[PDB]
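First comes one chain, alone, set out as structure tokens in the form deposited in one PDB entry.
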């Protein structure tokens, strides 16, 4: 079962929303660790559930690696208002954030370290690759494959059956209308390589 307290690493803005989700899940206390100007991570800390509240995908992956290596459990934070299909797969204890009013439909799969931000939608049979960030209000239609480390900006979307290659960025408001097997930064409606 979940611990009484939770370490949230990242005490910035993203950290504050993560705190709200942890409290929603029933955690009694959130202990912020921030190496910058709060309490530092220490490998010697008393054991509690961890969460990595870092928006940057590259840095979130590295921190995730360092925390995991010290034997800490990095839990998922999933708001109770997120609607997740009984046939969707969400990787267990994998540092995944699922914000309020997120919807994940039948047979979608969410990989480790993903952020599904506020009111995002992952349609049936999607695969969202590890340490991707689907940001506020971004939506993936049915059967969309998002590669590892991808970032879908605010209010972006991807049409059905499409793939976005690892390490790509879909800009805020962009509409991806063609399959993308080579990485890049895509902006506009329709989305075009920058």
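The term rigid core refers to the maximal set of C-alpha atoms that superpose within 1.5 Å between the two forms. Positions refer to the first chain, counted from 1.
Absent from the display: the form deposited in another entry. The rest refers to it.
Summarising the superposition on the core between this form and the one not shown, the listed residues 29, 58, 42, 69 contain exactly one with a Cα shift of 2 Å or larger, 42. With a change of no less than 3 Å, the CA-CA distance between residue 61 and residue 36 is smaller in the other form than in the form shown. Three angstroms is the minimum change: in the other form, the CA atoms of residue 149 and residue 39 sit closer than in this structure, by 3 Å or more.
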